[PDB]
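Atoms within each ligand, like the ligands themselves, are counted from 1 in listed order. In what follows, every heavy atom counts, from backbone to side chain, and hydrogens, waters and symmetry copies are set aside. Chain letters run A, B, ... following the sequence lines, proteins first and then strands; every chain starts at 1.
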Number of protein chains: 2
Amino acid sequence: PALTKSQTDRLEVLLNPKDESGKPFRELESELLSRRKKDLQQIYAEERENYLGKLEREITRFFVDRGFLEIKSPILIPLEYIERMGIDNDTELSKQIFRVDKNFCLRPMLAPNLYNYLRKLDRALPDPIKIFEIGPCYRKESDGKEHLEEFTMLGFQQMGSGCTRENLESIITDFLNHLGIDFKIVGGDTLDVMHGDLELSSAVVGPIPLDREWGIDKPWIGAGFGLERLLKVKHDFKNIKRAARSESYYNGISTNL
Amino acid sequence: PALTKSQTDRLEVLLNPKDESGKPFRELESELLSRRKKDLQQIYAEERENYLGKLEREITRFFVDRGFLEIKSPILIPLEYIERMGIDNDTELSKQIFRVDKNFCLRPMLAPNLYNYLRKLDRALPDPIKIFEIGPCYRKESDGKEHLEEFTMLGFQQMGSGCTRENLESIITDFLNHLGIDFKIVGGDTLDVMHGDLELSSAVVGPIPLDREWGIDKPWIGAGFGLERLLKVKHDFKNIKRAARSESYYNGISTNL
Ligand SMILES: Nc1ncnc2c1ncn2[C@@H]1O[C@H](COP(=O)(O)OP(=O)(O)OP(=O)(O)O)[C@@H](O)[C@H]1O
Ligand SMILES: Nc1ncnc2c1ncn2[C@@H]1O[C@H](COP(=O)(O)OP(=O)(O)OP(=O)(O)O)[C@@H](O)[C@H]1O
Ligand SMILES: N[C@@H](Cc1csc2ccccc12)C(=O)O
Ligand SMILES: N[C@@H](Cc1csc2ccccc12)C(=O)O
Ligand SMILES: [Mg+2]
Ligand SMILES: [Mg+2]
Ligand SMILES: [Mg+2]
Ligand SMILES: [Mg+2]
Ligand SMILES: [Mg+2]
Ligand SMILES: [Mg+2]
């Protein structure tokens, strides 16, 4: 007979994008279970690397080799940083903040910490100043197809000379062509890097009025990329949860076998 | 005249371990400022890697090469995981938890997530099962010399065959000798890896009664290492804050120049 909706959901959990009727549910499930176990066995036998960790290391190598300084800043940040970013109750992000204690929150973005590093490093480093960070960011989200509440962001910034829209688009282009990800750029200037209807990045060509609140008075360019969305596109995951920090999926493979 | 306590504090911020009277504060400060700027310039010109990120990549390579599977699990975990770990109000850790919303918290440890992966991977992977994770952990702490509220932990576990105290001590020994860190092991069995009076790790030889609550019924060995404490020892930092995710220090160098 026909597969139930619940049975189809179960199979889709076990179904990989590269997988290719009269067979009952138990046979279809048994076949997929066998395939997914072998996938995990192959990873365990060979590379043993996590997709998220591996992507972070690859992105790190890319930006270090292009002269960007690797930053590891706090994930737990002051609540005042959020207000200082021009985030008031009349914006969407104000309601998306994970508050911790009275004075802190989980960072929903990388810009405040990177802003602070630009200002401080300006007193020590030659022009131009190039920095980047990869790490966890947190936002309360209502959706679940393209959004995670716990995700990983790449953020990079260049300050001083060479901060043009052309140079920014060049870095973005080299980056995504390096990863093998198809894209289009749509758009101080605010640009969005799109994969179909999926936003991979928001990019900015400074200066912008916000800079003054952070002690920045130089031209700058930068962008923020979601690593899970990059993984989702590269590995053709139907749902972004396959690319997340998770106990339910490893490298897009269901751990409930 | 004599340096004030405040002036000495200022200098100690700028002072590096490898640095070597009648000179006034302003001269001493100016000399150190010049040295620290050059240090940052040298990093920026050459390697451009963050110590914490670099250590994580080195540790990752070590365990992957020895057959351990790289795990990236959620940092935001259910509060029930804490209770299930046998953490009640009569223990110290109960008061150290960063609570988020009503049902979640920032993980103070890696064991609950690694426990879950051991159980799930047992249905797919051959014996023995070897996994590890590196990532942020959070604990409210009263001290500040050897403790951070936001820190990074290495956790590894092996389940099944070869789970002996000897094998556990062998992995620990090879690991720390690889990093070039002096240590002594002091001590199911609970072992502590010490550097002088500083605890680098707590290690465990299972099985332990707690395993049943997590669906584990096999022998296992494992340990948890603090990456910032490893950095502190390796780079001879006087205060652990020099090794933390920070806006005040980069690779042990003050960013307030
Ligand atoms: N909840 C989330 N889950 C996964 N990735 C995210 C999330 N929020 C943002 N990102 C990624 O971070 C990048 C930069 O953050 P930004 O604030 O510009 O996103 P956004 O415009 O809020 O995204 P969206 O419009 O899709 O909600 C985005 O391009 C996206 O790839
Ligand atoms: N607050 C902290 N800051 C930095 N590192 C930590 C912190 N708490 C734990 N660690 C590291 O994690 C490892 C394993 O965690 P564990 O719970 O065994 O530590 P602990 O016994 O609470 O440490 P301590 O006794 O020093 O407070 C420790 O050996 C330590 O290196
Ligand atoms: N608004 C997001 C993404 C972003 C846009 S420009 C930019 C420059 C540096 C880091 C992040 C970003 C953030 O602040 O993380
Ligand atoms: N209690 C700490 C450290 C630890 C001891 S054995 C162990 C095995 C795996 C992961 C972590 C640990 C934790 O749960 O993270
Ligand atoms: Mg959004
Ligand atoms: Mg958007
Ligand atoms: Mg955007
Ligand atoms: Mg403790
Ligand atoms: Mg202890
Ligand atoms: Mg301990």
- Salt bridge flag under 4.0 Å for residues B:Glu56 and B:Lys72: yes
- Which protein non-hydrogen atom lies closest to atom 30 (C) of ligand 1, naming both residue and atom, and how far is it? A:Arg229 NH1, 3.5 Å
- Query: Looking at A:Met159, A:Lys218, A:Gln158, which one forms a side-chain contact (heavy atoms from CB on, under 4.5 Å) with A:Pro128?
  - Reply: A:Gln158
- Query: Hey, which atoms in ligand 1 end up nearer than 4.0 Å to a heavy atom of A:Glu141?
  - Reply: 1 (N)
- Message: Considering non-hydrogen atoms of the protein only, which is the closest contact for atom 13 (C) of ligand 1, and what is the distance?
- Response: A:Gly224 O, 3.5 Å
- Task: Output yes when A:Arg229 and A:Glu146 qualify as a salt bridge under the 4.0 Å nitrogen-oxygen rule, no when they do not.
- Result: no
- Query: Do the numbers put B:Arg84 on top of the ring of B:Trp214, so that NZ or CZ is under 6.0 Å from the six-membered ring centre and no more than 45° off the axis?
  - Reply: yes
- Item | Evaluation steps, side-chain hydrogen bond (donor to acceptor under 3.5 Å, both in side chains), between A:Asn167 and A:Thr164 | CA-CA 5 Å; A:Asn167 285 339; A:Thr164 61; 3.2 Å; yes
- Message: Using a 4.0 Å cut-off to any heavy atom of A:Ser202, which atoms of ligand 1 qualify?
- Response: 18 (O), 29 (O)
- Query: Should you measure from each heavy atom of A:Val204, which atoms of ligand 3 turn up under 4.0 Å away?
  - Reply: 6 (S)
- Message: Strictly below 4.0 Å, N to O, side chains only: are B:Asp39 and B:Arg35 in salt-bridge contact?
- Response: no
- Just go through A:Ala203, A:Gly144, A:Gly226 and tell me whose heavy atom is the nearest to atom 11 (C) of ligand 1. A:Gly226
- Query: Looking at ligand 1, does any of its N/O atoms fall within less than 3.5 Å of an N/O of A:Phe151?
  - Reply: no
- Item | From the candidates A:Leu168, A:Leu110, A:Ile221, the one that places a heavy atom nearest atom 15 (O) of ligand 3 | A:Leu110
- Message: Measuring centre to centre across the rings, with the benzene-like ring taken for any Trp, is A:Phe175 within less than 6.0 Å of A:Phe225?
- Response: yes
- Note on the structure: among protein heavy atoms, the one nearest atom 3 (C) of ligand 3 is A:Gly224 CA, 3.9 Å
- Query: Salt bridge or not for B:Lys140 and A:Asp101, using N-O below 4.0 Å?
  - Reply: yes
- Message: Checking the side chain of A:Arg66 only, and the main-chain atoms of A:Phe62 only, is there a donor and an acceptor separated by less than 3.5 Å?
- Response: yes
- Message: Quick check on contacts: which atoms of ligand 1 are under 4.0 angstrom from a heavy atom of A:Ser201?
- Response: 29 (O)
- Note on the structure: of all protein heavy atoms, closest to atom 10 (C) of ligand 3 is A:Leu114 CD1, 3.6 Å
- Message: Among all the protein's non-hydrogen atoms, which is closest to atom 27 (O) of ligand 1, and how far away is it?
- Response: A:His147 NE2, 2.7 Å
- Does some non-hydrogen atom of A:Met153 fall short of 4.0 Å from ligand 1? yes
- Of the side chain and backbone of A:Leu200, name the one, both, or neither that has a heavy atom under 4.0 Å from an atom of ligand 1. backbone
- Query: Tell me, which protein residue and heavy-atom name are nearest atom 13 (C) of ligand 3, and how many Å apart are they?
  - Reply: A:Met109 CB, 3.3 Å
- Query: Any idea which protein heavy atom is nearest atom 28 (C) of ligand 1, and the distance to it?
  - Reply: A:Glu199 OE2, 3.5 Å
- Heavy-atom count around A:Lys38 NZ within 6.0 Å, excluding the residue itself: above 12? no
- Message: Just to be sure I understand the site: which N, O or S atoms from the protein are less than 2.8 Å away from the Mg ion (ligand 7)?
- Response: A:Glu199 OE2, A:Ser202 OG
- Which bit of A:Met85 gets closer than 4.0 Å to ligand 3, counting heavy atoms only: side chain, backbone, both or neither? neither
- atom 15 (O) of ligand 1 has as its nearest protein heavy atom A:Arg139 NH2, 3.6 Å
- Query: Hey, would you say the A:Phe63 and A:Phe68 ring centroids sit under 6.0 Å apart?
  - Reply: yes
- Message: To the closest 0.5 Å, what do you measure between CG (B:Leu55) and CD (B:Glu49)?
- Response: 11.5 Å
- Item | Salt-bridge criterion met for A:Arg212 and A:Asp217 (N-O under 4.0 Å) | no
- Donor-acceptor pair, side chain of A:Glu141 and main chain of A:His147, under 3.5 angstrom: no
- Looking at A:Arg57 and B:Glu58, does any basic side-chain N land under 4.0 Å from a carboxylate oxygen? no
- For ligand 3, which atoms sit closer than 4.0 Å to a heavy atom of A:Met153? 15 (O)
- Protein contact to atom 3 (N) of ligand 1 [nearest heavy atom, distance to 0.1 Å]: A:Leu148 N, 2.9 Å
- Note on the structure: When distances are taken from atom 5 (C) of ligand 3, the protein heavy atom at minimum range is A:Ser202 O, 3.4 Å
- Query: Just to confirm, does any protein heavy atom lie below 4.0 Å from atom 1 (N) of ligand 3?
  - Reply: no
- What closest approach, in Å, do B:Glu247 and B:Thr255 show between heavy atoms, and which atom pair accounts for it? O-OG1, 2.5 Å
- Query: Between B:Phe98 and B:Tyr138, how do the two ring planes meet: parallel, tilted or perpendicular, split at 30° and 60°?
  - Reply: perpendicular
- Heteroatom distance test (A:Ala223, ligand 3): nitrogen or oxygen, under 3.5 angstrom: no
